[PDB]
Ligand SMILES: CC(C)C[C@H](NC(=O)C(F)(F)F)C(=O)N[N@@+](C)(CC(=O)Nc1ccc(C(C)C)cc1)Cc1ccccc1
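Let's start with one chain on its own, the form solved without the named molecule, as structure tokens.
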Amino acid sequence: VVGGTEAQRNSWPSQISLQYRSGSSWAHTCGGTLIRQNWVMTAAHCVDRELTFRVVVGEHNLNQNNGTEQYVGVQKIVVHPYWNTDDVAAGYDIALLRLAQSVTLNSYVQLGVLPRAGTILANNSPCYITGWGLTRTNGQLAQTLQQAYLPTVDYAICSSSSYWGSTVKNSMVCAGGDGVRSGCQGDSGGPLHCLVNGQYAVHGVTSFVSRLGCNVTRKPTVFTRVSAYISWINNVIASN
């Protein structure tokens, strides 16, 4: 997250860190949202590499443990069947991870709230992106979980020629694009949390930013629209 602030440790308890095995260690690569005690929602593109993945729930500072972490292996990966790695503009950038064990819920570890199927946000709706992604274009991952206020940019604006043009689809949510705050590499897969009727719900799965940089005016961060995939999510979980 470029241009954000450190979150409170209990603000975003559905946020997970998706990590891969790197030698004798583990490295954060992506975010995700805990959606059952044994299922995480992330971006398809985060799992294109055939790596060994784990999920960390309750995490806050990737560089300093505080005793609220739980670590669990990824047991099964179900990528959206229409995802194509070489065509992120086509959409379908979503995947579900079944965890090896169910995590324990507490004030740091909670299920994310998903929207009802088909819900679209009015333009300029209030949302926050969260994650450990780069804090500057070509920078480094955050140590502490970051948040940034990123109001939505509706489809009509986001798909206009000076924004994302035909790269954005109605199965996506755009947010931000001021040139100051944005997602960045390493935020992918994580949530866009939007305040509706007094409650935050996870309306987005971080999918892409511009090739030119993370915080780029008229290139809002682009998320998979969770509410386009409710039936898919429920069908995968019921089948597995």
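One-based numbering along the sequence shown. Definition used throughout: the rigid core is the maximal C-alpha set that superposes within 1.5 Å between two forms.
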Greater Cα displacement in 7 other deposited structures of this protein once the core is superposed, comparing 59 to 67 with 168 to 176: 59 to 67
75 to 83 set against 147 to 155, stretch whose average Cα temperature factor tops the other in the entry: 75 to 83
46 to 54 or 181 to 189, whichever carries the higher mean Cα B-factor: 46 to 54
- request: Name the one of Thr29, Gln70, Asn197, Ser207 with the greatest CA B-factor according to the PDB entry.
  value: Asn197
message: Just to confirm, going by the entry's C-alpha B-factors, which of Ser125, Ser160, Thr130, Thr135 comes out highest?
response: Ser160
- line: Tertile call for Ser17 (CA temperature factor, within chain, third-based) is the lowest
field: Lowest, middle or highest third - CA B-factor, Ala201
entry: middle
field: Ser227, C-alpha B-factor rank within chain (lowest, middle or highest third)
entry: middle
- request: Consider only the C-alpha atoms of the modelled residues in this chain, order them by B-factor as the entry records it, and name the third containing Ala117: lowest, middle or highest.
  value: highest
- prompt: Should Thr5 be placed in the lowest, middle or highest third of its chain by the C-alpha B factor in the entry?
  reply: lowest
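Separately, the form deposited with the named molecule bound exists; it is not shown, and the next lines address it.
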- prompt: So in the entry with it bound, does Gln110 come within 4.5 Å of the named molecule, heavy atom to heavy atom?
  reply: no
- request: Answer with yes or no whether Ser125 is in contact with the named molecule in the entry with it bound, where contact means some heavy atom within 4.5 Å.
  value: no
message: At 4.5 Å between heavy atoms, is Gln70 in contact with the named molecule in the entry with it bound?
response: no
field: Interface membership of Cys184, the named molecule in the entry with it bound, 4.5 Å heavy atom rule
entry: yes
query: Of the listed stretches (204 to 212, 173 to 181, 191 to 199, 33 to 41), which one has a non-hydrogen atom within 4.5 Å of the named molecule in the entry with it bound?
result: 204 to 212
- line: The one option of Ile157, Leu114, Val88, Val78 with any heavy atom within 4.5 Å of the named molecule in the entry with it bound is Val88
statement: Those residues of 111 to 137 with a non-hydrogen atom no more than 4.5 Å from the named molecule in the entry with it bound are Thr137
